[PDB]
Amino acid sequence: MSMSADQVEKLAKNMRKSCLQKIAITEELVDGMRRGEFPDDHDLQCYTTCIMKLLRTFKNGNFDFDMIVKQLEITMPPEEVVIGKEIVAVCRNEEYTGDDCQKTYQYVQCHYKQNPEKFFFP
């Protein structure tokens, strides 16, 4: 089964808390991504890697697309799952370059670009 909205929010907030402290950036900077604010800020980039590593969606220098699909299946509203799979289907085929922080940040931006209105990142 899938997790309820409030359980998704709780886990996201706790992952954020952990990574914000570790990476030493502000909540404002993380919240900016949902507003389409993607500065070339290496610390924000590394925050994205911290979160994806927690979710097991990035590991050993590469995306784990099987786990990205599993995570979206367990956390998205059911009426959004197919649309989410279609976003992953597009973004998985873009080349990601640079260090791990740069790669995950680029992937997150690809997700945003496919649907800015509904974008969410912990």
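Residue indices: 1-based, along the sequence shown.
Undergrad: Per the record, averaged over C-alpha atoms, which has the higher B-factor: 42-50 or 93-101?
TA: Taking the mean B-factor of the alpha carbons in each, 93-101 is higher.
Undergrad: Using the B-factors recorded in the PDB entry, average over the C-alpha atoms of 5-13 and of 18-26, then report which stretch comes out higher.
TA: For C-alpha atoms only, the mean B-factor is higher in 18-26.
Undergrad: Among 87, 76, 68, 33, which carries the highest Cα B-factor?
TA: In this record, 76 carries the highest C-alpha B-factor of the candidates.
Undergrad: Can you tell me which third, lowest, middle or highest, the CA B-factor of residue 72 falls into for its chain?
TA: It belongs to the middle third of the chain when residues are ordered by C-alpha B-factor.
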